[PDB]
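Encoded as structure tokens, the structure appears first; notes follow it.
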Amino acid sequence: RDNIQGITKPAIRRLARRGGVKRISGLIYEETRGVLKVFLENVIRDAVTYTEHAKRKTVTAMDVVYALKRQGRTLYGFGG
Amino acid sequence: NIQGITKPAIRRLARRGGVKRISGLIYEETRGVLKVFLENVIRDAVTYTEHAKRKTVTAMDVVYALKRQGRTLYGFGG
Amino acid sequence: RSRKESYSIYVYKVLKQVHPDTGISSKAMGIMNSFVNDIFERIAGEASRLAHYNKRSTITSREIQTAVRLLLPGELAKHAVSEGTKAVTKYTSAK
Amino acid sequence: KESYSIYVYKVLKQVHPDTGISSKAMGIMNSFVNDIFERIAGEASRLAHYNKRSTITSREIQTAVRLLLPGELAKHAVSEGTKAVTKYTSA
Amino acid sequence: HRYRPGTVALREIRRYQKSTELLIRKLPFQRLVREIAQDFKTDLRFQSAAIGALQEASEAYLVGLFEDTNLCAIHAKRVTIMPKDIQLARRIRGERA
Amino acid sequence: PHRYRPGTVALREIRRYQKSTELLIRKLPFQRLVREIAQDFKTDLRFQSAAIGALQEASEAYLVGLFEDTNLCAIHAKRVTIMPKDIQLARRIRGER
Amino acid sequence: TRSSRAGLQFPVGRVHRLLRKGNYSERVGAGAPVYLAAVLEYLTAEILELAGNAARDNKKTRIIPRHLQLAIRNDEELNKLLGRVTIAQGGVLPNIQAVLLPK
Amino acid sequence: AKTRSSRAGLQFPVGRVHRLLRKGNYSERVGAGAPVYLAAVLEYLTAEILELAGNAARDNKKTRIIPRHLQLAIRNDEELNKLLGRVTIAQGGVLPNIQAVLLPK
DNA sequence: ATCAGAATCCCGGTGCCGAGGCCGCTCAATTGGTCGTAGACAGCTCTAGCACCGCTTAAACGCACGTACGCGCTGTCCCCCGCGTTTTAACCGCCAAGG
DNA sequence: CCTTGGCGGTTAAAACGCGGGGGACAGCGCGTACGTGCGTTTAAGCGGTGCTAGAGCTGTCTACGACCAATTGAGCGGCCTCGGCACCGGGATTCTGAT
């Protein structure tokens with residue numbers, strides 16, 4: 001519960017600065033939280049489905065790798 | 001050459017897009033981006049036909065090249 | 001004369017089931033054939049990845065189920081899984 | 001379960017022979033290599049099934065490398081591949 | 001007499017959202033495609049259905065890219081398009097580096 | 001004292017965070033949010049840490065790209081202040097609805 | 001035919017053949033093509049059902065592809081599925097930004 | 001030369017790749033020249049990108065390649081960047097993109 | 001508002017043409033029968049995922065406060081819409097051609 | 001008597017044109033949301049510690065699947081019909097602006 005509100009405004013600030021964003025409006029943060037949430041929804045749904053067919057109650061890094069390759073947002077680094 | 005693209009054609013493209021008011025340099029910019037688009041498409045299409053060892057590009061190869069750019073189009077047997 | 005393929009008569013019958021009083025154009029029938037092609041291809045590719053991320057080479061219906069609910073969005077997918085599962089029961093219950 | 005580590009070491013000593021590397025750099029490299037191998041191989045399988053050819057020779061691999069990589073990389077890769085074909089075919 | 005501007009354009013938007021027929025007619029489009037196709041290997045023959053496929057894909061492509069560009073300009077507190085808008089939309093999609 | 005009417009703070013920290021390498025969102029609250037989303041489709045699931053680190057990596061990359069195109073939308077808006085419908089336009093063009 | 005023995009409409013053995021010649025695995029099970037065929041069957045049923053409603057809208061009897069593109073672009077999950085999909089003789093949504101409507 | 005790698009004068013195992021093709025469900029049969037050809041392409045790609053890796057790591061007086069080096073070397077390339085457009089590196093970040101509207105003038 | 005009048009919609013009409021019925025084939029689904037190992041399953045073992053807490057500390061939160069980009073407004077000036085006027089891409093026809 | 005080729009009628013989407021009007025752009029002035037600091041509070045992070053599902057890993061037997069001759073009728077190539085839309089004039093209506 002409420003770990004969606006565990007997203008801090010200075011973290012959003014830091015992401016804007018590495019993102020290169022200078023000026024920050026105030027109506028941004030919860031919109032950011034909602035987009036991040038829907039993203040992670042689709043991600044973990046697909047990863048857990050890959051693990052559903054895996055017949056193992058633990059999800060691996062490889063699972064999340066394969067699932068994000070399925071979305072085409074494909075990330076290297078951890079093998080897969 | 002590339003100037004076979006008429007102004008009211010790109011205007012009709014705005015109309016089916018639903019765009020109201022049109023500037024000037026739009027026309028030449030449009031022809032350029034269309035050119036690069038067709039460049040990549042027909043390049044890998046002729047690559048397909050190169051592997052086909054045949055002297056006519058198939059519509060199939062056009063379809064598969066569109067798939068290769070992730071631009072999947074139905075309709076013409078694909 | 002080489003014999004070519006279509007799926008036209010099958011989905012044609014299905015259309016006649018769901019709408020008896022309805023015609024169709026030929027090009028759209030080809031479009032639906034391409035539609036079946038595309039969906040089948042994405043499913044089969046997910047099946048091959050199911051194989052290689054499971055290090056197995058047998059294909060059963062369970063893999064098809066998990067492939068469909070990997071590809072398709074939820075509510076539609078669960079209805080389709082229901083249809084397929086009831087068909088599995090009706091077939092394999094008999095011969 | 002083999003990674004490609006000493007292969008990378010030998011390529012590296014053939015190019016910048018005074019250069020170290022981290023572990024996770026090697027991991028990203030092998031991720032890269034596997035991705036490229038899978039993309040080319042699947043595209044070659046598409047060549048087979050789109051062309052009804054029951055096997056795959058090197059010509060399919062050449063045209064697939066054309067289909068994936070753009071111009072300069074493609075031409076230099078075709079050159080290197082044919083040179084390897086030549087030297088392996090000679091002996 | 002004279003009509004007031006903007007009206008006829010939107011009326012033909014309502015007209016041109018109806019028929020899915022091809023906007024660019026055939027012969028000049030064919031010449032352009034042939035001319036670009038000239039510089040890969042000499043004088044390749046063509047299937048006319050493939051030409052229609054190229055035409056369809058090109059027109060739908062450009063229409064959708066116009067839609068995003070138009071929405072960019074609507075966001076830009078303006079009504080008229082700019083070439084920089086096309087640059088912005090393409091920079092979001094990632095054609096050019 | 002040396003209060004400094006602004007400009008060096010933001011851009012200097014941009015210079016620092018682009019000299020930087022590692023993450024920005026710290027670990028535990030992100031992990032707990034992940035498990036709360038995870039507790040919705042199949043209960044009681046266990047995880048290795050590298051999966052979570054990949055999730056954090058790709059999450060921050062996703063948001064970085066959102067911020068970049070949002071920044072260019074703002075620059076085209078002749079402003080430096082961001083807006084929410086900037087992000088909505090960016091995700092409209094990205095096809096991720 | 002197994003399709004009739006499954007009480008369905010798509011030919012099983014053609015699909016079983018295509019699974020073999022697709023290099024899709026090494027071996028092929030018994031009822032996996034039945035499940036896949038039923039999936040296809042419900043998918044095309046839903047799609048063409050909405051297409052039938054689209055023809056009911058225009059009061060047309062023969063399906064034009066414009067009906068197909070419209071019914072794709074109306075429903076949510078279907079349009080998120082076929083996002084990267086276009087169709088010849090497709091067209092788009094009849095859509096007007098009312099901020100560009102005159103006053 | 002007993003080994004085909006020595007018969008090719010290269011650095012990758014070819015019969016590895018041939019077994020990968022066989023244990024791939026890729027084709028039914030696989031010829032003799034295709035695995036050699038593909039492995040040579042792979043070896044060229046490794047050497048080519050590791051060139052930009054070597055220069056990008058040498059930019060900072062560090063003997064070891066870090067992931068930030070790899071992302072920099074990719075984004076400073078044109079063909080590799082359009083290659084890796086949908087691609088993200090772990091521990092990557094992005095380029096210095098300081099807009100001209102931002103510097104104190 | 002409010003009328004005149006362009007612009008579009010919408011209703012028989014007919015025509016023509018392809019969708020659909022239809023019908024006689026033949027080749028893959030079937031049917032049945034025969035090896036075989038892949039995997040469903042039982043079970044062993046040790047790792048690692050989890051939970052918990054104590055200590056450290058740097059990181060967030062609230063507020064004080066100016067302040068300065070965002071914005072509503074303004075004037076302005078200009079340059080696309082559009083309707084008019086030629087005007088040239090493009091197409092069926094075909095008479096000399098020679099030949 | 002046959003190719004087949006430049007020449008030429010038919011015309012409709014294509015390029016000018018003006019004028020202006022409404023929309024784009026610089027300024028104006030505020031102002032109120034928002035950077036910045038500073039002190040105050042907090043939770044995260046790190047290091048141990050128990051610590052156990054449970055995955056990770058290994059024999060085994062089977063049944064379902066790989067594969068092979070008949071068979072056969074459904075699925076497929078060709079033919080043939082009619083009413084479904086494509087457009088056309090009627091006429092009616094609804095936008096749109098000048099009033």
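Going by the structure tokens order, chains are called A, B, ..., each with residues numbered from 1, while ligands are numbered from 1 in the order shown.
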Proximity check chain B to chain C, 10 Å, nearest pairs one decimal Å, only C-alpha atoms, as CSV:
```
residue,atom,partner,partner_atom,distance
B:72,CA,C:38,CA,8.9
B:73,CA,C:34,CA,9.0
B:74,CA,C:31,CA,5.7
B:75,CA,C:31,CA,4.5
B:76,CA,C:30,CA,7.3
B:77,CA,C:34,CA,6.2
B:78,CA,C:34,CA,5.6
```
Chain I residues within 8 Å of chain E, counting only C-alpha atoms (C1' of nucleotides): which ones, as an mmCIF file with C-alpha atoms (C1' of nucleotides), in the first residue's frame?
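Here's the written file part.cif:
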```
data_model
loop_
_atom_site.group_PDB
_atom_site.id
_atom_site.type_symbol
_atom_site.label_atom_id
_atom_site.label_comp_id
_atom_site.auth_asym_id
_atom_site.auth_seq_id
_atom_site.Cartn_x
_atom_site.Cartn_y
_atom_site.Cartn_z
ATOM 1 C "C1'" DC I 81 -7.025 30.883 -49.071
ATOM 2 C "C1'" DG I 82 -9.336 31.012 -52.430
ATOM 3 C "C1'" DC I 83 -11.249 31.950 -56.218
#
```
*region 85-90 of chain H: which residues within 9 Å, counting only C-alpha atoms (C1' of nucleotides), same-chain residues fewer than 2 positions away excluded, as a list in words?*
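Result of the neighbour search: residues 72, 73, 74, 75, 76, 77 and 78 of chain A; 24 and 28 of chain D; 94 of chain E; 54, 57, 58 and 61 of chain F; 67, 68, 70, 71, 80, 81, 82, 83, 92 and 93 of chain H.
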Filtering to N, CA, C and O atoms, could you give me those residues as a compact mmCIF listing (two decimals), in the first residue's frame?
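Final output, saved to part27.txt:
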```txt
# COMPACT_ATOMS: atom_id res chain seq x y z
N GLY A 72 9.67 -5.21 -26.94
CA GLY A 72 10.44 -4.50 -27.93
C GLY A 72 11.17 -3.31 -27.33
O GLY A 72 11.70 -2.46 -28.04
N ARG A 73 11.21 -3.28 -26.01
CA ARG A 73 11.92 -2.27 -25.24
C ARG A 73 13.22 -2.86 -24.75
O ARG A 73 13.66 -2.65 -23.61
N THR A 74 13.85 -3.62 -25.64
CA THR A 74 14.74 -4.71 -25.26
C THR A 74 16.03 -4.20 -24.65
O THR A 74 16.68 -3.30 -25.19
N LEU A 75 16.38 -4.77 -23.52
CA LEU A 75 17.48 -4.32 -22.69
C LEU A 75 18.52 -5.42 -22.60
O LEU A 75 18.18 -6.59 -22.39
N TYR A 76 19.79 -5.05 -22.74
CA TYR A 76 20.88 -6.00 -22.62
C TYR A 76 21.33 -6.06 -21.17
O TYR A 76 20.63 -5.65 -20.24
N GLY A 77 22.52 -6.62 -20.96
CA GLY A 77 23.23 -6.45 -19.71
C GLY A 77 23.26 -7.64 -18.81
O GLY A 77 24.29 -7.96 -18.22
N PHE A 78 22.13 -8.33 -18.68
CA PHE A 78 22.03 -9.42 -17.73
C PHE A 78 21.90 -10.77 -18.40
O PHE A 78 21.66 -11.77 -17.72
N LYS D 24 30.96 -6.79 -16.32
CA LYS D 24 29.64 -6.53 -16.86
C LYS D 24 29.72 -5.96 -18.27
O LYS D 24 28.77 -6.10 -19.04
N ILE D 28 27.48 -7.41 -21.29
CA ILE D 28 26.71 -6.65 -22.28
C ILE D 28 27.14 -7.02 -23.68
O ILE D 28 26.32 -7.12 -24.60
N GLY E 94 12.24 8.86 -34.03
CA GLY E 94 13.59 8.35 -34.11
C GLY E 94 14.05 7.90 -35.48
O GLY E 94 14.83 6.95 -35.57
N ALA F 54 17.34 -4.95 -13.16
CA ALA F 54 17.00 -4.73 -14.56
C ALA F 54 15.74 -3.90 -14.70
O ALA F 54 15.65 -3.03 -15.57
N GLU F 57 16.64 -0.35 -13.95
CA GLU F 57 17.41 0.17 -15.08
C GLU F 57 16.50 0.60 -16.22
O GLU F 57 16.55 1.76 -16.67
N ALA F 58 15.64 -0.31 -16.68
CA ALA F 58 14.79 -0.03 -17.82
C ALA F 58 13.72 0.98 -17.48
O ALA F 58 13.29 1.75 -18.34
N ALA F 61 15.46 4.32 -17.69
CA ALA F 61 15.72 4.64 -19.09
C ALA F 61 14.44 5.09 -19.80
O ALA F 61 14.46 6.05 -20.59
N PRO H 67 30.52 0.24 -19.17
CA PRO H 67 29.32 0.34 -20.02
C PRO H 67 29.05 1.74 -20.55
O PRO H 67 28.52 1.86 -21.67
N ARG H 68 29.38 2.77 -19.78
CA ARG H 68 29.20 4.14 -20.24
C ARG H 68 30.03 4.41 -21.48
O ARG H 68 29.57 5.09 -22.41
N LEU H 70 30.70 2.15 -23.72
CA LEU H 70 30.06 1.47 -24.82
C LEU H 70 28.88 2.26 -25.34
O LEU H 70 28.70 2.38 -26.55
N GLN H 71 28.10 2.83 -24.43
CA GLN H 71 26.96 3.64 -24.86
C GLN H 71 27.42 4.90 -25.58
O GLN H 71 26.81 5.29 -26.59
N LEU H 80 25.78 2.40 -36.05
CA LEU H 80 25.49 1.62 -34.86
C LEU H 80 24.34 2.20 -34.07
O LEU H 80 23.63 1.45 -33.39
N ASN H 81 24.13 3.52 -34.14
CA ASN H 81 23.04 4.11 -33.38
C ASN H 81 21.70 3.81 -34.04
O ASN H 81 20.72 3.53 -33.35
N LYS H 82 21.65 3.86 -35.37
CA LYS H 82 20.44 3.45 -36.05
C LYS H 82 20.28 1.93 -36.00
O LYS H 82 19.16 1.42 -36.11
N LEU H 83 21.39 1.20 -35.83
CA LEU H 83 21.30 -0.21 -35.49
C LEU H 83 20.61 -0.41 -34.14
O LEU H 83 19.64 -1.16 -34.03
N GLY H 92 23.94 2.58 -18.75
CA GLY H 92 24.25 3.41 -19.90
C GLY H 92 24.14 4.91 -19.72
O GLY H 92 25.13 5.62 -19.89
N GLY H 93 22.96 5.41 -19.38
CA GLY H 93 22.72 6.84 -19.47
C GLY H 93 22.61 7.27 -20.92
O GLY H 93 22.43 6.45 -21.83
```
*Among listed residues F:87, F:33, F:55, F:45, nearest chain I (using only C-alpha atoms (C1' of nucleotides))*: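 The closest residue to chain I is F:45.
Near chain J, counting only C-alpha atoms (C1' of nucleotides) at 10 Å, the chain B residues are residues 6, 7, 8 and 21 of chain B.
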Same residues, N, CA, C and O atoms, output as a PDB file, in the first residue's frame:
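Done, and the output landed in out.pdb:
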```
ATOM      1  N   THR B   6       2.834  17.045 -56.437  1.00  0.00           N
ATOM      2  CA  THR B   6       2.186  18.343 -56.524  1.00  0.00           C
ATOM      3  C   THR B   6       1.867  18.880 -55.137  1.00  0.00           C
ATOM      4  O   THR B   6       1.730  18.132 -54.166  1.00  0.00           O
ATOM      5  N   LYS B   7       1.798  20.206 -55.049  1.00  0.00           N
ATOM      6  CA  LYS B   7       1.295  20.879 -53.853  1.00  0.00           C
ATOM      7  C   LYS B   7      -0.086  20.404 -53.396  1.00  0.00           C
ATOM      8  O   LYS B   7      -0.226  20.087 -52.203  1.00  0.00           O
ATOM      9  N   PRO B   8      -1.126  20.303 -54.250  1.00  0.00           N
ATOM     10  CA  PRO B   8      -2.411  19.826 -53.724  1.00  0.00           C
ATOM     11  C   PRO B   8      -2.409  18.367 -53.328  1.00  0.00           C
ATOM     12  O   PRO B   8      -3.307  17.953 -52.591  1.00  0.00           O
ATOM     13  N   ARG B  21      -4.243  24.411 -41.658  1.00  0.00           N
ATOM     14  CA  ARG B  21      -3.554  25.565 -42.218  1.00  0.00           C
ATOM     15  C   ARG B  21      -2.088  25.246 -42.474  1.00  0.00           C
ATOM     16  O   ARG B  21      -1.412  24.661 -41.624  1.00  0.00           O
TER      17      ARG B  21
END
```
_I'd like the interatomic distance between CA of residue 54 (chain A) and CA of residue 66 (chain A), to a tenth of an Å._
12.5 Å
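Proximity to chain G at a cut-off of 6 Å picks out residues 22, 23, 24, 25, 28, 48, 57, 58, 59, 60, 61, 80, 84 and 91 of chain C on chain C, counting only C-alpha atoms.
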Keeping only N, CA, C and O atoms, write the selected residues as a PDB file, in the first residue's frame.
```pdb
ATOM      1  N   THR C  22     -25.523 -11.300 -44.683  1.00  0.00           N
ATOM      2  CA  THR C  22     -24.360 -10.429 -44.811  1.00  0.00           C
ATOM      3  C   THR C  22     -23.490 -10.897 -45.966  1.00  0.00           C
ATOM      4  O   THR C  22     -23.131 -12.073 -46.029  1.00  0.00           O
ATOM      5  N   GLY C  23     -23.149  -9.976 -46.873  1.00  0.00           N
ATOM      6  CA  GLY C  23     -22.176 -10.243 -47.911  1.00  0.00           C
ATOM      7  C   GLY C  23     -20.805  -9.707 -47.547  1.00  0.00           C
ATOM      8  O   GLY C  23     -20.606  -9.067 -46.515  1.00  0.00           O
ATOM      9  N   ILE C  24     -19.850  -9.928 -48.449  1.00  0.00           N
ATOM     10  CA  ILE C  24     -18.463  -9.556 -48.193  1.00  0.00           C
ATOM     11  C   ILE C  24     -17.770  -9.346 -49.534  1.00  0.00           C
ATOM     12  O   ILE C  24     -18.184  -9.908 -50.551  1.00  0.00           O
ATOM     13  N   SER C  25     -16.742  -8.494 -49.545  1.00  0.00           N
ATOM     14  CA  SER C  25     -15.896  -8.309 -50.715  1.00  0.00           C
ATOM     15  C   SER C  25     -14.743  -9.298 -50.702  1.00  0.00           C
ATOM     16  O   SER C  25     -14.346  -9.815 -49.655  1.00  0.00           O
ATOM     17  N   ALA C  28     -11.391  -8.061 -48.909  1.00  0.00           N
ATOM     18  CA  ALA C  28     -11.497  -8.181 -47.463  1.00  0.00           C
ATOM     19  C   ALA C  28     -11.331  -9.617 -47.007  1.00  0.00           C
ATOM     20  O   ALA C  28     -10.794  -9.869 -45.921  1.00  0.00           O
ATOM     21  N   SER C  48       8.020 -20.902 -30.279  1.00  0.00           N
ATOM     22  CA  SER C  48       9.421 -21.285 -30.416  1.00  0.00           C
ATOM     23  C   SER C  48      10.251 -20.696 -29.295  1.00  0.00           C
ATOM     24  O   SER C  48      11.152 -21.352 -28.756  1.00  0.00           O
ATOM     25  N   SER C  57      11.098 -29.488 -26.653  1.00  0.00           N
ATOM     26  CA  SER C  57      10.761 -29.434 -28.070  1.00  0.00           C
ATOM     27  C   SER C  57       9.413 -30.059 -28.368  1.00  0.00           C
ATOM     28  O   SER C  57       9.083 -30.265 -29.542  1.00  0.00           O
ATOM     29  N   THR C  58       8.632 -30.374 -27.358  1.00  0.00           N
ATOM     30  CA  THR C  58       7.290 -30.893 -27.544  1.00  0.00           C
ATOM     31  C   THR C  58       6.375 -29.680 -27.486  1.00  0.00           C
ATOM     32  O   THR C  58       6.636 -28.737 -26.738  1.00  0.00           O
ATOM     33  N   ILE C  59       5.319 -29.679 -28.289  1.00  0.00           N
ATOM     34  CA  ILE C  59       4.317 -28.631 -28.177  1.00  0.00           C
ATOM     35  C   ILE C  59       2.993 -29.251 -27.750  1.00  0.00           C
ATOM     36  O   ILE C  59       2.438 -30.092 -28.459  1.00  0.00           O
ATOM     37  N   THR C  60       2.480 -28.828 -26.597  1.00  0.00           N
ATOM     38  CA  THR C  60       1.118 -29.148 -26.198  1.00  0.00           C
ATOM     39  C   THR C  60       0.262 -27.888 -26.209  1.00  0.00           C
ATOM     40  O   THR C  60       0.729 -26.782 -26.490  1.00  0.00           O
ATOM     41  N   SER C  61      -1.011 -28.058 -25.865  1.00  0.00           N
ATOM     42  CA  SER C  61      -1.975 -26.968 -25.833  1.00  0.00           C
ATOM     43  C   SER C  61      -1.709 -25.960 -24.724  1.00  0.00           C
ATOM     44  O   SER C  61      -2.166 -24.811 -24.830  1.00  0.00           O
ATOM     45  N   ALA C  80     -11.096 -15.967 -25.184  1.00  0.00           N
ATOM     46  CA  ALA C  80     -10.587 -16.894 -26.181  1.00  0.00           C
ATOM     47  C   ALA C  80     -10.043 -18.161 -25.536  1.00  0.00           C
ATOM     48  O   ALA C  80     -10.210 -19.258 -26.083  1.00  0.00           O
ATOM     49  N   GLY C  84     -11.262 -21.977 -26.315  1.00  0.00           N
ATOM     50  CA  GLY C  84     -10.334 -23.036 -26.657  1.00  0.00           C
ATOM     51  C   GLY C  84     -10.355 -24.174 -25.660  1.00  0.00           C
ATOM     52  O   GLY C  84     -10.274 -25.341 -26.039  1.00  0.00           O
ATOM     53  N   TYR C  91     -13.573 -32.048 -27.637  1.00  0.00           N
ATOM     54  CA  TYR C  91     -12.871 -32.981 -28.504  1.00  0.00           C
ATOM     55  C   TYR C  91     -12.290 -34.153 -27.735  1.00  0.00           C
ATOM     56  O   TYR C  91     -12.667 -35.300 -27.991  1.00  0.00           O
TER      57      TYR C  91
END
```
*Test item: chain D residues at most 12 Å from chain C, counting only C-alpha atoms, as a list in words*: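 So the contacting residues turn out to be residues 38, 42, 45, 46 and 49 of chain D.
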*Atomic distance CA of residue 44 (chain A) - CA of residue 38 (chain F), expressed in Å with one decimal*: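 Interatomic distance, CA of residue 44 (chain A) to CA of residue 38 (chain F): 6.7 Å.
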Skip residue 79 (chain G) itself and residues of its chain fewer than 6 positions away, then list as a compact mmCIF listing (two decimals) with N, CA, C and O atoms, in the first residue's frame all residues within 10 Å of it, counting only C-alpha atoms (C1' of nucleotides).
```txt
# COMPACT_ATOMS: atom_id res chain seq x y z
N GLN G 69 -11.43 -1.36 -40.95
CA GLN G 69 -10.52 -0.43 -40.30
C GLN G 69 -11.22 0.35 -39.21
O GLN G 69 -10.64 0.57 -38.13
N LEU G 70 -12.48 0.74 -39.45
CA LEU G 70 -13.25 1.46 -38.44
C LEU G 70 -13.48 0.60 -37.21
O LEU G 70 -13.27 1.07 -36.08
N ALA G 71 -13.88 -0.65 -37.41
CA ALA G 71 -14.13 -1.53 -36.27
C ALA G 71 -12.85 -1.87 -35.54
O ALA G 71 -12.88 -2.15 -34.34
N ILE G 72 -11.72 -1.84 -36.24
CA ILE G 72 -10.46 -1.96 -35.53
C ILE G 72 -10.19 -0.72 -34.69
O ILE G 72 -9.83 -0.82 -33.51
N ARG G 73 -10.43 0.45 -35.26
CA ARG G 73 -10.08 1.69 -34.57
C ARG G 73 -11.09 2.09 -33.50
O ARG G 73 -10.84 3.05 -32.77
N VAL G 85 -0.49 -2.02 -37.39
CA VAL G 85 -1.15 -2.68 -38.51
C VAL G 85 -1.81 -1.62 -39.35
O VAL G 85 -2.51 -0.75 -38.82
```
*For residue 57 (chain H), please output as an MDAnalysis selection string all residues within 10 Å (counting only C-alpha atoms (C1' of nucleotides); exclusion window: fewer than 2 positions along the same chain).*
(chainID D and resid 19:21) or (chainID H and resid 51:55 59:70 72:73)
*Exercise answer, chain E residues close to chain G, 12 Å and only C-alpha atoms, as a PyMOL selection string*: chain E and resi 4-23+49-50+52-61+63-64+67+70-71+73-75+77-80
*Could you pull out all residues of region 23-90 of chain G with a DSSP call of helix (DSSP H, G or I) and give them as number ranges by chain?*
G: 32-58, 65-74, 76-81
Restrict the selected residues to C-alpha atoms and save them as a tab-separated table (two decimals), in the first residue's frame.
```
chain	number	residue	atom	x	y	z
G	32	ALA	CA	-2.39	-28.19	-29.69
G	33	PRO	CA	-3.68	-27.39	-33.24
G	34	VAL	CA	-7.24	-27.78	-31.99
G	35	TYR	CA	-6.60	-25.18	-29.30
G	36	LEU	CA	-4.91	-22.84	-31.75
G	37	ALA	CA	-7.69	-23.26	-34.30
G	38	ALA	CA	-10.32	-22.44	-31.70
G	39	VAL	CA	-8.32	-19.35	-30.73
G	40	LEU	CA	-8.31	-18.25	-34.36
G	41	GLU	CA	-12.00	-19.04	-34.60
G	42	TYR	CA	-13.02	-16.87	-31.66
G	43	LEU	CA	-10.72	-14.07	-32.80
G	44	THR	CA	-12.18	-13.88	-36.27
G	45	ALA	CA	-15.66	-14.27	-34.78
G	46	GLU	CA	-15.18	-11.20	-32.59
G	47	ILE	CA	-13.55	-9.15	-35.35
G	48	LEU	CA	-16.09	-9.90	-38.00
G	49	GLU	CA	-18.91	-9.53	-35.49
G	50	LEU	CA	-17.87	-5.93	-34.96
G	51	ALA	CA	-17.51	-5.67	-38.73
G	52	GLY	CA	-21.08	-6.86	-39.08
G	53	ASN	CA	-22.16	-4.12	-36.72
G	54	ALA	CA	-20.13	-1.70	-38.83
G	55	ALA	CA	-22.10	-2.77	-41.88
G	56	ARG	CA	-25.28	-2.37	-39.82
G	57	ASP	CA	-24.22	1.23	-39.24
G	58	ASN	CA	-23.83	2.22	-42.88
G	65	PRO	CA	-12.51	-2.83	-45.85
G	66	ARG	CA	-13.37	0.62	-44.48
G	67	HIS	CA	-15.76	-1.15	-42.13
G	68	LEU	CA	-12.85	-3.32	-41.03
G	69	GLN	CA	-10.52	-0.43	-40.30
G	70	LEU	CA	-13.25	1.46	-38.44
G	71	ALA	CA	-14.13	-1.53	-36.27
G	72	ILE	CA	-10.46	-1.96	-35.53
G	73	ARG	CA	-10.08	1.69	-34.57
G	74	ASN	CA	-13.15	1.75	-32.33
G	76	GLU	CA	-9.80	-0.59	-27.33
G	77	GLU	CA	-8.01	-3.94	-26.93
G	78	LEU	CA	-8.21	-4.73	-30.63
G	79	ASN	CA	-6.68	-1.41	-31.58
G	80	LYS	CA	-3.91	-1.86	-29.03
G	81	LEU	CA	-3.30	-5.26	-30.60
```
_Only residues of chain H matter here; which ones have an atom within 6 Å of chain D, counting only C-alpha atoms? Give them as an NGL selection string._
:H and (7-8 or 26-27 or 29-31 or 33-34 or 37 or 40-41 or 63-67)
Would you export the selected residues with C-alpha atoms as a short mmCIF file (atom, residue, chain, number, x, y, z; two decimals), in the first residue's frame, please?
```
data_model
loop_
_atom_site.label_atom_id
_atom_site.label_comp_id
_atom_site.auth_asym_id
_atom_site.auth_seq_id
_atom_site.Cartn_x
_atom_site.Cartn_y
_atom_site.Cartn_z
CA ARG H 7 41.27 -23.82 -41.12
CA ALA H 8 39.46 -20.48 -41.21
CA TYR H 26 16.04 -23.01 -37.87
CA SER H 27 16.27 -25.03 -41.08
CA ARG H 29 19.63 -28.99 -43.11
CA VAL H 30 22.57 -26.60 -42.84
CA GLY H 31 25.36 -26.35 -45.39
CA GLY H 33 29.74 -22.38 -45.83
CA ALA H 34 26.93 -20.54 -44.08
CA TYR H 37 30.21 -16.96 -43.23
CA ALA H 40 33.11 -14.18 -39.91
CA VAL H 41 30.40 -11.51 -39.94
CA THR H 63 42.45 0.78 -19.31
CA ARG H 64 39.10 -0.92 -18.71
CA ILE H 65 35.97 -0.53 -20.82
CA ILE H 66 32.95 0.50 -18.78
CA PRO H 67 29.32 0.34 -20.02
#
```
*asked:* Applying 7 Å and only C-alpha atoms (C1' of nucleotides), which residues near region 46-62 of chain B remain after dropping the ones on its own chain fewer than 4 positions away? List them as a ChimeraX atom specification.
replied: /B:42,66,78 /D:63,67 /E:44-47,49-50
What's the 8 Å shell around region 15-31 of chain F, counting only C-alpha atoms (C1' of nucleotides), without same-chain residues fewer than 6 positions away, as a compact mmCIF listing (two decimals) with C-alpha atoms (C1' of nucleotides), in the first residue's frame?
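Writing the result to part.txt gives the following:
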```txt
# COMPACT_ATOMS: atom_id res chain seq x y z
CA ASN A 3 4.39 2.78 -2.16
CA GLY A 6 6.94 6.23 -2.11
CA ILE A 7 8.01 8.01 -5.30
CA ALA A 11 13.97 11.55 -7.30
CA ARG A 14 17.18 13.88 -10.35
CA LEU A 15 15.57 12.05 -13.26
CA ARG A 17 18.28 16.59 -14.49
CA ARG A 18 19.89 13.52 -16.05
CA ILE F 52 14.72 -6.06 -9.86
CA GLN F 56 14.96 -0.34 -12.19
CA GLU F 57 17.41 0.17 -15.08
CA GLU F 60 14.80 4.90 -15.41
CA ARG H 68 29.20 4.14 -20.24
CA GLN H 91 24.48 1.29 -16.76
CA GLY H 92 24.25 3.41 -19.90
CA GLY H 93 22.72 6.84 -19.47
CA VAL H 94 22.64 9.15 -22.49
CA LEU H 95 24.75 11.80 -24.19
CA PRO H 96 25.47 15.30 -22.94
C1' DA J 44 16.72 4.07 3.89
```
